[PDB]
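Results of the structural survey
What follows is each chain in one-letter form.
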Amino acid sequence: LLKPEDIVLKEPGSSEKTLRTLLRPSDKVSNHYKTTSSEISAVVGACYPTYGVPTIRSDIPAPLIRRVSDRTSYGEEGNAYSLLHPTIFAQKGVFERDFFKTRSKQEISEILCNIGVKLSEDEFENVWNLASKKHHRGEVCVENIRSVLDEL
Amino acid sequence: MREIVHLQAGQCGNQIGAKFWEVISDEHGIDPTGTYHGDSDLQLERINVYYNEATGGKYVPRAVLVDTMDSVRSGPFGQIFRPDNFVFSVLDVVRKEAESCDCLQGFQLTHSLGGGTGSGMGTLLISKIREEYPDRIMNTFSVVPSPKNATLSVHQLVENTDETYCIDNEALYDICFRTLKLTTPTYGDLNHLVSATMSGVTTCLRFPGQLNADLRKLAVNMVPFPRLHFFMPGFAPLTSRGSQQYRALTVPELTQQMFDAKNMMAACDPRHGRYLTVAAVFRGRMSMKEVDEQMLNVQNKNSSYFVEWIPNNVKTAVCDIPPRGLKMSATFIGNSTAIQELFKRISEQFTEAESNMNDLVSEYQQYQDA
Amino acid sequence: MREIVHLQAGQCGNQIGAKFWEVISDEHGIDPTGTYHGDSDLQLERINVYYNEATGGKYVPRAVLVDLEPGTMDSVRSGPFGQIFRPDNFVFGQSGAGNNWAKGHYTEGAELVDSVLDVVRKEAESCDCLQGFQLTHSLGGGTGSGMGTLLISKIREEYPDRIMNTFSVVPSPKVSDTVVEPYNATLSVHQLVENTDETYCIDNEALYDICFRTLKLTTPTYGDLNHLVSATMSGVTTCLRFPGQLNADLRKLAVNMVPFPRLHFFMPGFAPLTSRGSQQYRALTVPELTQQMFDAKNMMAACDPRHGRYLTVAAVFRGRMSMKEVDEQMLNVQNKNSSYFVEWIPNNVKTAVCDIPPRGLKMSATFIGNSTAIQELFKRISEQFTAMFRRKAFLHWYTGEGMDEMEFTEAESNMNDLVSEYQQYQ
Amino acid sequence: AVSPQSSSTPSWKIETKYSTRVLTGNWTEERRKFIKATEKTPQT
Amino acid sequence: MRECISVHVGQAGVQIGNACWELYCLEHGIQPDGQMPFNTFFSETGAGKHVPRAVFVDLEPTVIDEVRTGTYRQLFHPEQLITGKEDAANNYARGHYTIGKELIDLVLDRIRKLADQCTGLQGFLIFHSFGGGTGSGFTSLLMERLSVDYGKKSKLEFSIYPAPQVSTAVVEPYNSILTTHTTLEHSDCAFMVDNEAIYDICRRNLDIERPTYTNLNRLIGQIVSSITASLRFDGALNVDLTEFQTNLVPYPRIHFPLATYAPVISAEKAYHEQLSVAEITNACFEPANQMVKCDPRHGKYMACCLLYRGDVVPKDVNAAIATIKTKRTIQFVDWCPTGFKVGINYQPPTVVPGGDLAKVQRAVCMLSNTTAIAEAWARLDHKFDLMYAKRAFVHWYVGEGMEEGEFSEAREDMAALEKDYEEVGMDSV
Ligand SMILES: Nc1nc2c(ncn2[C@@H]2O[C@H](COP(=O)(O)OP(=O)(O)OP(=O)(O)O)[C@@H](O)[C@H]2O)c(=O)[nH]1
Ligand SMILES: Nc1nc2c(ncn2[C@@H]2O[C@H](COP(=O)(O)OP(=O)(O)O)[C@@H](O)[C@H]2O)c(=O)[nH]1
Ligand SMILES: Nc1nc2c(ncn2[C@@H]2O[C@H](COP(=O)(O)OP(=O)(O)O)[C@@H](O)[C@H]2O)c(=O)[nH]1
Ligand SMILES: [Mg+2]
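The rules we used
Residues numbered from 1 in each chain as written, not as in the entry; some residues may be left out. Chains lettered and ligands numbered in written order. Part of a larger assembly, values for the part shown. Heavy atoms only, no water. Residues with missing side-chain atoms left out of burial classes, pairs and counts. Pairing = 2+ DSSP bridges. Helix = DSSP H or I, 4+ residues; strand = E, 2+ residues; numbered from the N terminus. Axes fitted to C-alpha atoms, helices over the stretch in contact; angles between N-to-C directions. Near = heavy atom within 4 Å. Polar contact = N/O pair within 3.5 Å; in protein donor to acceptor, adjacent residues only side chain to side chain. Areas by Shrake-Rupley, 256 points an atom, 1.4 Å probe, with all protein chains shown as cover. UniProt positions renumbered as here; feature names shortened; annotations may be inferred. Contact = heavy atoms within 4.5 Å. Buried < 20%, exposed > 50% of the residue type's maximum accessible area, 1.4 Å probe, protein only. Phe/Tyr/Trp six-rings, centres within 6.5 Å; stacked < 30°, edge-to-face > 60°. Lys NZ or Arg CZ within 6 Å of the ring centre and 35° of its normal. Nonpolar A, V, L, I, M, F, W, Y, C, P; charged D, E, K, R; others polar. Buried area = accessible area lost by both parts, 1.4 Å probe. Salt bridge = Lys/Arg side-chain N within 4 Å of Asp/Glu carboxyl O.

If you check the header, you'll see the entry was determined by cryo-EM and the resolution is listed as 3.4 Å.

In structure tokens form, the structure reads like this:
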């Protein structure tokens, strides 16, 4: 015949029990008398897009033939260490966009038997599958094909 | 941590202090039999300022009724009181509560300055408390006779209390006829309005506001020289049954009606007045560029009429807890040159006391001058 | 193998010790209906130090619980642990003790040999080995300085070789209960010198003081006041009972701390004490326990240790601990505070280690201290004696039960001669 | 030499006493219930 | 481990301290209760908690009591939250002589207890103002008691400067001119803010009408987090805390510099237009964005300390610095041809959640020691002259111990401070 809830007697913990005090009608001031010092400040340590330009401008595509007036960065000029001790690709003029470009099945097939690697047809299909699985978007790239052939 | 001893002395003070205790009890959520209602946790945090409690949820005020008393206990909230201090001895009860208190700051005495009980016994008992606690503030709310007895009374009181509030029933009546369209002024309505004006300035003592200023700070801010201390109250967002839906509510709107001449508690003339110190105590959830911008904009509209040779002629205070019902409210209080007219009329109406009143009138004159 | 016999007597000793056989209960994991519940088998191999055996795995304590009233044995059985205590060793008295040390010591002097002596020799001989004898009497009452303190001269007459260890409750004037405390406590510290080598001193103002300054609880009962001593009494035998690094025992604590046969009145302490609100904000490590250890506010006998130089200072430790800094801050506090130690003795600090921390802690360090400012306890209780003796006011309760005036003068005539030794070697 | 104290540690002087909801002297340390937790006896 | 002690004293410094320890906690993984699922500001206890280094001392009961019941109650040591009995009533002889003298033995141990715990301590972060009996008088109690003990150490106080045209106090200039009487002796970097400019910064850039006080505690919160990023985050060009007493102050009583923070912007304007490195430092110098009420066009800059933050490149910085120093508008001083000072770090501008700011990649904090604040000292003793002539409002400061023998002694010392913008401003030959 009683309620299942009987409260503690104070803001001190583990007090002796007491009944729940009744708040009479038109005398509930909890919804109206909230505080304003720390109540507006609730930053819990337990989301939004980003505005401005990046300092590298990798989000915009790079132009093919540059104007003379272009001083906006694109990232293709690498570090000075990569200009003072270049890879042989950089030494004679093939670079990372030619690595990362989307080539063809016949282009990779012509690459295989002419770069000095003899590959089975099933091995080539598996290499293409592993390269497309390694690439997030999924295509054929020189870096992806060489990395999959080196790892597997 | 501020404390308060409340004494109802004389008849009019008795019936206004009764409404005082009713107003603070409804704002703090106590059933008149004494039980606490705890809808929000902010109600009981500083009940120590005006109360001491009893065993079993009962609470009882720090108030002494000395001079009617059967009528008060027969009234709405009589059952809260202590029946052992209904004195009609006063020294023993005032040291009893002030010795059970921890750290004292101020006293709320309700009296008048026009009769044989509120004036002489008021001055006697303020002497009898200032001889006992010389480091407190006596907020002694008072009623003076209309300019259309006090000279005997005031000339120890102006030495002692410095926190009296003296304009009266003619202004109360004209407020009721004009800005409220209130057809029948009952005595209880004026007791209600004075009591809410009491309770407006007692929220920096009881609640955590935003710009927290207690009574000693109010004394230091308002009173320039130790004999210019009679102040002017007023309560802003008052209107009728009709005009609510026609008016709006903002800080620029309540600024209008806290500096409205027809709203203030005065049968006086701000057009012949010059405010030395103003305090506008706000209650509610309000942005504060509105407060400070409207403060100095309404000071900007009147360069002559606020006092010259003072840069900041105003002061604002604000608390985070509004009144009951109203989303925000304001209470304006002033210290002007618009008050010596009452002194002139009450002096044109012993002899060294009359000379001291002429001294106070000349004090206003020589400080209003350049 | 080194079993410890505890003699609890009085209205005091059956409510002080009633908390003492509770921390022995959980640090060995003893249920309040006899049997052991637990998982770690470190603490039942040395269960026999405090707990004899029976059938069905049941462990009852080696306990003596005596009074001249029937009063307090209707309360120690009324606690949570009352079924644990042995049924026969509650030794009753149908009459009352009645505040006087005259009724218990000489009128009930012939009664205690049938009462306590015949239960002890029944018990203490029955153990496979023995270590010593540890009694807790109130100096200011009727049973503790009555039945109990005569027994301190009775078993010691039988076995002279063992070790007496009295956690003694000497009263204080500020918090007082009875007006004739120069007539029951002064008449027992003359007997303590000959017959009790390790003599602690517990007060009732310093114990409330610790639960005011430190634990910050505002209305302390006796039960909260009696765990600051019940942790101390269990925390001194932490090497006779558990493994560790550098074990000590109740001869190894007395060689270091008793240089002379009459300079043997110690005073206690207990290190890791912090409040009810700031539990996690304090880092309980070595240099903070030894900063709690040495100051005036922490020490349980109500005296200021700065007025009197420590002749000797002991300690003990528990918990998984690294030795280096433990031995290092007690190199500093002898060195920086050369003013508050005597000269002419090279070392003054003893340390001993265990392995297990207490229940719900990580470290602990019980404190035992021989200082020469215990004469502050024994000048105030003789300051009020002869300032009352000159009117002879409450003498007419003591010539009517069997002791003379002439033994009253000798109990203070040697009380100064105790203080005449602490003052000379200061 | 005396050592410093905060507000309302000893209570050897007699004070009036409130329920701890009202933010009074020595409120916080009695608001927080004393807490302890153990798992078992450690090893050596 | 270049730690600092962060007291929050008076009312006008503690709601910022609410917002100060929000911004440090959200920056890292620290929760409000201090459990991390930092070593400059935070002490860590091995249970799993972190404890900040901040003592919240004020005479006013409710503003500390709203924290112990607040949502950040499981953060601090609850013996650091120190309260006396009665407020100081904006009276210098109540916050420094009659009620403030009761609490100085306790707080001498509390700065000693924290500093014995710290290893590589580098100074203090007190947060006060210039009008309070317990905000401006009482911070000159917690200052002279430390230089007699700690002495040579780097003290950075963030003090709300009394505004030119607005205020709320009344008897303010009697002890503001007494605050400077000893903080000339013992303060080494006393940063200042007028709130009147931040009232109008919100009205122009931020699309804000009706701003509260909770918005200004966040923008003051960033400036403290801009200067303290070089302790908790390693950068390309670090600026440490002993270096601020050789960069900034040229003569030992000229140590009062300004502050601002350029790309204050909402979410609808920052989407429309970009933010390079060569324009957020152009937005520093424009007269519509300094956070203190002043017009810089009448003032010659002495020593800027541009604190950059986020994604910046150091050639983009020095490209921008030579565009600006060639400008014919903004003037400098001839005996400082060095002028500027940069700081570049790899940690971005943070954002509070539920705030009004936008996610900007770059944000700067220029901290300009300037000339123009001297004419704001023309008005702060002009205000003092008029009250003190007729002995107005003196009847209470004489109530609690102070006399007339110090009020004229302070005025000449604030008269002598106005002269020292003229021996150094009039150029040699
Ligand atoms: N930034 C900020 N400033 C505030 C806040 N509240 C008040 N102020 C400023 O404080 C000024 C007056 O306060 P102070 O002169 O510092 O006085 P105090 O230190 O609060 O001293 P007390 O009033 O006695 O507590 C006002 O002019 C406000 O500009 C706030 O919440 N945030
Ligand atoms: N609120 C209220 N005020 C009253 C009432 N009766 C009288 N007053 C006020 O009391 C004043 C006169 O009383 P007073 O001079 O103090 O006579 P005394 O009470 O005998 O000292 C009048 O100006 C009225 O304004 C009442 O019933 N209610
Ligand atoms: N602090 C404290 N004092 C005690 C306790 N038990 C007894 N006392 C003290 O012992 C004295 C009473 O002696 P009492 O026990 O009646 O003597 P008995 O009849 O011989 O046992 C009083 O001064 C009490 O203050 C206790 O648990 N805590
Ligand atoms: Mg304040």
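This is not the end of the story, as more comes after the structure.
So, on to the sheet that holds strand β6 (residues 137–141) of chain B. Residue and element names in this part refer to chain B. Strands sit in the order β4-β1-β5-β6 across an open sheet of 4 strands; the sheet is parallel. Pairing within the sheet leaves two strands with one partner each, and these edge strands are β4 (63–66) and β6. Taking each pair of neighbouring strands and ignoring which way they run, the sheet shows an average axis angle of 15°. Summarising the sheet, strand β1 (residues 4–9) and strand β5 (residues 106–110) pair through 5 bridges and their orientation is parallel. Paired with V5 across the bridge in β5 is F107.

Our next topic: the site of ligand 3. Residues and elements named next belong to chain C. Taken together, the neighbourhood of ligand 3 is formed by 15 residues, with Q11, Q15, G142, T143 and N226 sitting nearest. One nitrogen or oxygen atom from the side chain of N226 is found 2.3 Å from an oxygen atom belonging to ligand 3. Surface burial for ligand 3 is 85%, taken as the share of its 580 Å² of free accessible area covered by protein chains. Contributing elements (two or more residues each) for the shell around ligand 3: α1 (10–27) and α8 (222–225). Among the elements that make up the shell around ligand 3, the one with the highest residue count is α1 (4 residues).

Once that is clear, we can look at the UniProt feature "binding site: Mg(2+)" in chain C. Residue and element names in this part refer to chain C. With numbering matched to this structure, UniProt assigns "binding site: Mg(2+)" to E69. For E69, the position within the fold is in the loop between β4 (63–66) and β5 (90–91). Apart from the residues lying within four places of it in its own chain, the contact partners of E69 are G93, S95, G96 and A97.

Residue and element names in this part refer to chain B. Neither face of β4 is exposed, since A63 and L65 on one face and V64 and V66 on the opposite face are all buried. Sheet topology note: the β1/β4 ladder contains 4 bridges and is parallel. Residue pairing across strands places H6 opposite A63, the latter belonging to β4.

Time to look at the packing of aromatic side chains. Residue and element names in this part refer to chain E. Overall, the coordinates contain 59 aromatic pairs over all chains when judged by the stated rule. Feature note: the residues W21, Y24, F41, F42, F56 and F76 constitute an aromatic cluster, connected by ring pairs. The ring of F340 is capped by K325, whose NZ or CZ atom sits 5.0 Å from the centre of that ring. In this structure, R391 is placed above the aromatic ring of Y388, and the distance from its NZ or CZ to the ring centre is 4.7 Å.

All names here are of chain E. Counting through the fold element by element, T179 comes out in helix α6 (residues 173–186). Residue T179 is classed as buried on the basis of its relative accessible area, which comes to 0%. Excluding its chain neighbours within four sequence positions, the residues that come into contact with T179 are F130, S136 and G137.

A word on the interface of chain E and chain A. Counting residues at the interface gives 24 residues for chain E and 17 residues for chain A. Breaking the side of chain E that touches chain A down by element, the ones donating at least two residues are α1 (14–27) and α8 (214–227) of chain E. Of the residues contributing to the side of chain E that touches chain A, the split by class is 12 nonpolar, 5 polar and 7 charged.

Counting residues at the interface gives 32 residues for chain E and 35 residues for chain B. Around 3500 Å² of area is buried between chain E and chain B when both sides are counted, 59% of it from carbon and sulfur atoms. Put simply, chain E and chain B have 4 salt bridges between them. Note that B:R2 and E:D87 form a salt bridge whose closest N and O atoms lie 3.3 Å from each other. Connecting chain E to chain B are 15 residue pairs in polar contact. Among the secondary structure elements, those contributing two or more residues to the side of chain E that touches chain B are α2 (61–68), α7 (195–204), α13 (378–389) and α14 (394–397) of chain E. Partitioned by chemical class, the residues of the side of chain E that touches chain B number 14 nonpolar, 8 polar and 10 charged.

To continue, consider the environment of C:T218. Following the sequence through the fold, C:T218 ends up in the loop between α7 (205–213) and α8. C-alpha of C:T218 to C-alpha of C:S382: the two residues are 164 residues apart in sequence and 33 Å apart in space. If we ignore the near neighbours within four places in the chain, the residues touching C:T218 are C:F212 and D:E30.

This next bit is on the arrangement of the chains. For the 8 pairs of chains in contact, the largest share of contacts goes to chains B and E. There is no contact between chain A and chain C; across them, the least C-alpha separation is 11 Å.

Lining the immediate surroundings of ligand 1 are 17 residues, of which B:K217, E:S129, E:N195, E:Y213 and E:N217 lie closest. Surrounding ligand 1 is a set of residues that belongs to chains B and E. Between ligand 1 and E:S129 there is a distance of 2.3 Å, counted from an oxygen atom to a side-chain nitrogen or oxygen. Within the backbone of E:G132, a nitrogen or oxygen atom sits 3.4 Å from an oxygen atom of ligand 1.

With that settled, the discussion passes to the UniProt feature "binding site: GTP" in chain E. With numbering matched to this structure, UniProt assigns "binding site: GTP" to E:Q11, E:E60, E:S129, E:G133, E:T134, E:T168, E:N195 and E:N217. As for its placement among the helices and strands, E:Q11 is situated in the segment before α1. Take E:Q11: its relative accessible area is 18%, and that puts it in the buried class. For E:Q11, the contacting residues outside a window of four places in its chain are B:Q210, B:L211, B:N212, E:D58, E:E60 and E:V63. In this structure, E:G133 sits in the loop between β6 (127–129) and α5 (141–147).

Quick look at the pattern of salt bridges now. The full count for this structure, using the stated rule, is 41 salt bridges over all chains. The residue E:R203 makes a salt bridge to E:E209 at a minimum N-O spacing of 3.7 Å. Among the residues examined, E:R203 registers a relative accessible area of 36% and is labelled partly exposed. The salt bridge partner of E:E418 is E:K419, with a shortest N-O separation of 3.4 Å. A residue is classified by how much of its surface remains accessible, and E:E418, at 28% relative accessible area, is partly exposed. Connected via shared salt-bridge partners are A:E76, A:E96 and A:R97.

In this section: the sheet that holds β4(C). Residues and elements named next belong to chain C. What the 4 strands build is an open sheet, ordered β5-β4-β1-β6; its pairing is parallel. Edge strands, defined here as strands with exactly one partner in the open sheet, are β5 and β6 (132–136). Sheet analysis places strand β1 (residues 4–9) next to β4, joined by 4 bridges and oriented parallel. Residue pairing in the sheet places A9 in a bridge with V66 of β4. Here α1 sits on the sheet and contacts β1, β4 and β6; the angle it forms with β1, its principal contact strand, is near 135°.

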